[PDB]
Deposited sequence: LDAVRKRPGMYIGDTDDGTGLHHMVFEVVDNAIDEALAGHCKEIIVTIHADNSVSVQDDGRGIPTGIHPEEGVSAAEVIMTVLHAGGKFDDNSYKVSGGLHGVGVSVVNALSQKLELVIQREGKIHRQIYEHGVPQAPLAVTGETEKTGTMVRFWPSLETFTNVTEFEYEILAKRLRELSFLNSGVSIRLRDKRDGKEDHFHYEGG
């Protein structure tokens, strides 16, 4: 990921005017929609947290968690750390990223800081649900000037996305003021 860290703008866009910042969210949302679409219920939830982080949850199959035979770490870690621009860009430019995968009856958790995993992906519990949750805190060493997420930017785009993704329920919640929306197009 050092190529990304060296010139973040080439990968995420303008790091000073808010466009790249919001692109971080959109990239994560794109992956979540792809996960959601591979299932029947299909719901993603995008939350703006009070601490300036954004989380995206889906109820898909869960990102694969087995050890990659060549890389020697979990498949999920490979996806997060090896170079849509890919979620690895988002991870690289996040001061923190929390990953929770529910899959095969197990909860898996991992934390990254600036794209560096703090520990290997760990099974920390049991669950009857499936899905992937990514919560990221954009790096304030990278994102300058505009550093807070604008609800309207996310809502406008999530609305447009709903009409191209039939059957996918998209919920948006802003924990800073309680505002929420629900975009669900059932066409097709």
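Unmodelled region of the deposited sequence, numbered from residue 1: 84-101 only.
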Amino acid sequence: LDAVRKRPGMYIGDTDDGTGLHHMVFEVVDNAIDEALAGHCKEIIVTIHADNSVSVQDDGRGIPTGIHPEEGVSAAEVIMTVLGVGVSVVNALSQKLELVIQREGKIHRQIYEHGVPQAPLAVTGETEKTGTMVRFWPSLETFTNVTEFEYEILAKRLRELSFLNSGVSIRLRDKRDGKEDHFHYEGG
From here on, numbers count along this sequence of modelled residues.
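In this text, the rigid core denotes the largest set of C-alpha atoms whose superposition between the two forms falls within 1.5 Å.
Averaged as a root mean square over residues and superposed structures in 8 other deposited structures of this protein, CA distances to the shown form are larger in 34-42; the pair compared was 55-63 and 34-42 with a core fit. Of the two segments examined, 25-33 and 59-67, it is 59-67 that shows the higher average Cα temperature factor in the deposited entry. Looking at 48-56 and 35-43 together, the entry lists the larger mean B-factor for 35-43, computed on C-alpha atoms. Of the candidates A119, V146, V123, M133, it is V146 whose Cα B-factor is highest according to the PDB record.
In the PDB entry, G72 places in the middle third of its chain by CA B-factor. Placement of the Cα temperature factor of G105 within the chain: middle third of the modelled residues, per the deposited record. The PDB entry assigns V82 a C-alpha temperature factor belonging to the highest third of its chain's modelled residues.
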